[PDB]
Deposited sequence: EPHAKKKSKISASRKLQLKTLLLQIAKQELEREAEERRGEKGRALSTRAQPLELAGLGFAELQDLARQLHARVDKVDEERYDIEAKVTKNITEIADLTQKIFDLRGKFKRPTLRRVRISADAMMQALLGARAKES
């Protein structure tokens, strides 16, 4: 070989560190993106009696809206879990320290 096995092992180790680093940052971007989406999709409350009970009914109906949308995307994720499980099954089808003491 044209470089030492110790070098290729050093490079492989450093490659994994920075890939892990890119994974971590990607998770931090996702956190910040989630907060921005929630500030848009769930603007915090800003508070008369009649206007209050109109709002509460609008919020009550919105709860029903969101939970139906959230179910609809959960159904797609669920079939993807079963599909992944089907594709994964298709791919499947395709000691020394006691010696040194006893010798020395």
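Would you mind checking the deposited sequence against the model and listing the stretches with no C-alpha coordinates?
Seq positions lacking coordinates: 1-7, 55-57, 105-118, 129-135.
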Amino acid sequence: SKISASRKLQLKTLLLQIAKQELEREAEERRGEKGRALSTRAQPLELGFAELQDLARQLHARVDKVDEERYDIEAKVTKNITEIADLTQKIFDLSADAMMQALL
From here on, numbers count along this sequence of modelled residues.
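Between 84-92 and 5-13, point out the one with the higher average CA B-factor as the PDB entry records it.
It is 84-92 that shows the higher mean C-alpha B-factor.
Do the C-alpha atoms of 67-75 or of 36-44 have the higher average B factor in the entry?
Comparing 36-44 with 67-75, the higher mean C-alpha B-factor belongs to 36-44.
Within this chain, which third does the Cα B-factor at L52 fall in: lowest, middle or highest?
Highest third - that is where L52 ends up once the chain's C-alpha B-factors are sorted.
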